[PDB]
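Engineer: Experimental coordinates follow, after the sequence.
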Amino acid sequence: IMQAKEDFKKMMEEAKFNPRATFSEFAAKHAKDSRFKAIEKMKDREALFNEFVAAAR
């Protein structure tokens, strides 16, 4: 039901952080978040991160 995906977007729009930060810096901060390890594919998180920064700017 795209519940995990919708929960991820809600966290990113509410986690408003520096747009010049990289995925490694952002992931290192939320690495301990339960939603982070919930997604098996690291590539999907990196794809969303690149899209989020490009879309937010």
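Structural biologist: Cool, got the structure. Numbering: from 1, shown residues only.
Engineer: Please name every helix or strand in contact with the longest helix along the chain.
Structural biologist: What stands out as the longest helix in the chain, according to DSSP state H, is helix 42-56. Contact partners of helix 42-56 among helices and strands, from 3 or more Cβ pairs under 8 Å, 6 or more residues apart in numbering; DSSP states H and E: helix 3-14, helix 23-30. (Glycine included, C-beta is placed from N, CA and C.)
Engineer: Out of those helices, flag the one nearest residue 41.
Structural biologist: Taking Cβ to Cβ, helix 3-14 is the member of the helices and strands packed on helix 42-56 nearest to residue 41, at 11.4 Å.
Engineer: Can you pull out the residues in contact with that closest one?
Structural biologist: 30, 33, 35, 38, 39, 48, 52 (Cβ atoms under 8 Å, 6 or more residues apart in numbering).
Engineer: picking up where we left off before, please tabulate the helices and strands packed on helix 42-56 in JSON lines, including the columns distance to residue 56 and mean neighbour count.
Structural biologist: As requested, the helices and strands packed on helix 42-56 are exported to JSON lines (distance: least, Cβ to Cβ, whole Å; neighbours: other Cβ atoms under 10 Å):
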{"stretch": "helix 3-14", "distance to residue 56": "9", "mean neighbour count": "12"}
{"stretch": "helix 23-30", "distance to residue 56": "12", "mean neighbour count": "14"}
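Engineer: Out of these, which gets nearest to residue 44?
Structural biologist: For these, the distance to residue 44 is smallest for helix 3-14, at 8.8 Å, taking Cβ to Cβ.
Engineer: any idea how far that closest one is from the chain center?
Structural biologist: 8 Å (Cα atoms, centre = their mean, to the nearest Å).
Engineer: quick one: that helix to helix 42-56, angle?
Structural biologist: 40 degrees (axes from the mean of the first three to the mean of the last three Cα atoms, to 10 degrees).
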